[PDB]
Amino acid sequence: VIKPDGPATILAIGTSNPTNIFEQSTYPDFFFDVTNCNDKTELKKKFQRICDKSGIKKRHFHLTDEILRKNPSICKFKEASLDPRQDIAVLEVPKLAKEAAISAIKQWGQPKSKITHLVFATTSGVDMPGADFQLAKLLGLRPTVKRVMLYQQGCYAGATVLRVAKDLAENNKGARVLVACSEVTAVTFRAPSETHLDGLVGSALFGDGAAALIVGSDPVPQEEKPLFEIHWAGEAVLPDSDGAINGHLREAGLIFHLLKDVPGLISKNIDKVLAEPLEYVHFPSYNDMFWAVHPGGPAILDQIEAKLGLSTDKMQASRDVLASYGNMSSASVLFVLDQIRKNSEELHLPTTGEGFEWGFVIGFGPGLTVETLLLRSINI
């Protein structure tokens, strides 16, 4: 059996976001108005404070005043609302991923018939057949596409899809994996409550977006353009982090429980989490590496930056994504990678990874699970 020789390589990155732009400056005005919570004046000041410090400037949402008016239960706190949230999500998640996938396939330059695998991740509702099937059908991929559907994996899923794609691409000759992460906040949209302060954080951070990539080993020279090589993939459940990030798909929708200790737990353990991939590549200085860190919140980026002694330009690509699109869960880290290669091509840098050789793709979510990938950039 002939197995491919080279590491799993990202051959194309494409992104998409819904067209309805919501400025973070005035998001509390919209948020408290659609959920009929204008009377909760003290809670609005608290949400304004969180939004002002969120590092987010704008977010793209599928949900509008019109869609929330047509589905009033989504605007209610504890009322049965899973059915209309799912009906929106099940349709929009693969549709958004379709636009991201088309852009990734167009950038790749090869026909869609060469796609042998499909890895899809979403935390925006569940359905049978899954979003993976829906995407495959919408794009017109081969009916024999090998699918890996990753439902409800949260914010580390951007890293999980690349970890899964690594093994699929590297173990199958000629395998070209379509990776897709798509998040639509229809299921997580929570009305503000004085009893759910961690729900205000999620409401200030979560945005919509989709990212798609083509991953494959042994790139065909003068045909495919290698962007990043995946050299190591792994994860870690952080000690004493039980219940730090919980998410339950209830009748009222997807309820997130975020403890305030999340940025601190990641900072305390980030050096230990990065220990194994660092030794694989002979301990390069943190400041000699590129960083595609999931913008879970600004406090996570600020505290990883401070704990590791990183120069302020390292977290810039992550902060730019957070500023322009917010926390798009699984999609976020792939948008960061796209921004890293785009900045590199725009500035005519030595490599696709901001001039640096090695880099990290870090995602975090439920567990607390921190998913890490060691990437090598390509010389340009």
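Counting begins at 1, following the sequence as shown.
- As the entry records it, the average C-alpha temperature factor is higher for 268-276, out of 268-276 and 201-209.
- 42-50 and 311-319 differ in mean CA B-factor, and the higher of the two is recorded for 42-50.
- Of all the options 294, 147, 98, 257, the entry's greatest CA B-factor is assigned to 257.
- Of the residues listed, 142, 166, 117, 78, the entry assigns the biggest Cα temperature factor to 78.
- Ranked by C-alpha B-factor against the other modelled residues of its chain, residue 57 falls in the lowest third.
- In the PDB entry, a CA B factor belonging to the highest third of its chain's modelled residues is recorded for residue 37.
- Ranked by Cα temperature factor within the chain, residue 290 sits in the middle third according to the deposited record.
- In the PDB entry, residue 173 places in the middle third of its chain by CA B-factor.
- Among the modelled residues of its chain, residue 189 has a C-alpha B-factor that falls in the highest third, as given in the PDB entry.
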